[PDB]
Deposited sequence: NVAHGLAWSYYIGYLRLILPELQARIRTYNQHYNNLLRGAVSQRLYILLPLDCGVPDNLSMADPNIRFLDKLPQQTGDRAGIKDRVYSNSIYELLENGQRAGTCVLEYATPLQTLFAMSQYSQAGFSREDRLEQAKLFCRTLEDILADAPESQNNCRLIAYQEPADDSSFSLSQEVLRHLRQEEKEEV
């Protein structure tokens, strides 16, 4: 299935390469008002909507700073640059958590494939494939050596057509545990 390959490729081509150096980069930031959490938090919206600006998805998610960059030679790209962003999570006007946060970009591919006739991916299959992506990635990371309390997947389905939804509260549930 499409989602199976995408989950494996996201581990192999991205997470396996950034997760081993992540806690070092975070420790460095914290040492040079509240330490940044030690894990990469990955947003997995099951509606596969991936905005590029996180603060427009919820005003209580506020960009704070960039992590120091990681670079490595990758596939002929000399000093390929991996950048990641740190966010503050607010709750009733209070800073309640700080963490490295981003969306899983493969879900934006599921979204786009579903709109392109030539991709052979029907619009109505997005949700099932997003669920399959989330399950496959969780199963990969549970057994992966580069994941050492390094990463937390935050999967969520914003309520059917309508009701109240808070992305920042979804992240905070995981941060608190």
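Can you give me the gaps, meaning deposited-sequence stretches with no C-alpha coordinates, in sequence order? Several stretches lack coordinates - namely 33-37, 183-188, in sequence order.
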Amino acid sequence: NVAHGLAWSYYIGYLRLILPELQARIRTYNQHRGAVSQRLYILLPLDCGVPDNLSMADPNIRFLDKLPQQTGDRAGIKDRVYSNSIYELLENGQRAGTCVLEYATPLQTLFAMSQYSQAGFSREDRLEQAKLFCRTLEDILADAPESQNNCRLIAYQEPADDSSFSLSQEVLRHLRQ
From here on, numbers count along this sequence of modelled residues.
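Between two forms, the rigid core is defined as the largest C-alpha subset superposing within 1.5 Å.
Comparing against the shown form in 8 other deposited structures of this protein, which stretch has the larger RMS C-alpha deviation after a rigid core superposition, 146-154 or 126-134? This comes out as 146-154, the stretch further from the shown form in 8 other deposited structures of this protein.
Outlying stretch relative to shown form, 53-61 versus 109-117 in 8 other deposited structures of this protein, C-alpha RMS (core): Stretch with the higher C-alpha RMS distance in 8 other deposited structures of this protein: 109-117.
Within the set of other compared PDB entries, does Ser163 lack a model in a third or more? Counting only entries that model residues on both sides, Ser163 is unresolved in at least a third of them.
Looking at the entry, does 136-144 or 59-67 show the higher mean C-alpha B-factor? Averaging CA B-factors over each stretch, the winner is 59-67.
Between 35-43 and 105-113, which has the larger average Cα B-factor in the PDB entry? Going by the record's values, the stretch with the higher mean is 35-43.
Just the C-alpha B-factor column, please: which of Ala160, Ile12, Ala155, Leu19 has the biggest number? Each of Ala160, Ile12, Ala155, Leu19 was compared by C-alpha B-factor; the highest is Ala160.
CA B-factor placement of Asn30, once the chain's modelled residues are sorted into thirds: Tercile = highest for this residue's CA B-factor.
Which third of the chain holds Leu172 when residues are ordered by C-alpha B factor: lowest, middle or highest? Middle third of the chain for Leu172's C-alpha B-factor.
Taking the values exactly as deposited, rank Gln118 by C-alpha B-factor within its chain and report the matching third: lowest, middle or highest. For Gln118, whose C-alpha B-factor we compare with every modelled residue in the chain, the answer is the middle third.
Determine, from the deposited record, the chain-internal third of the Cα B-factor for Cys151: lowest, middle or highest. For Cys151, whose C-alpha B-factor we compare with every modelled residue in the chain, the answer is the middle third.
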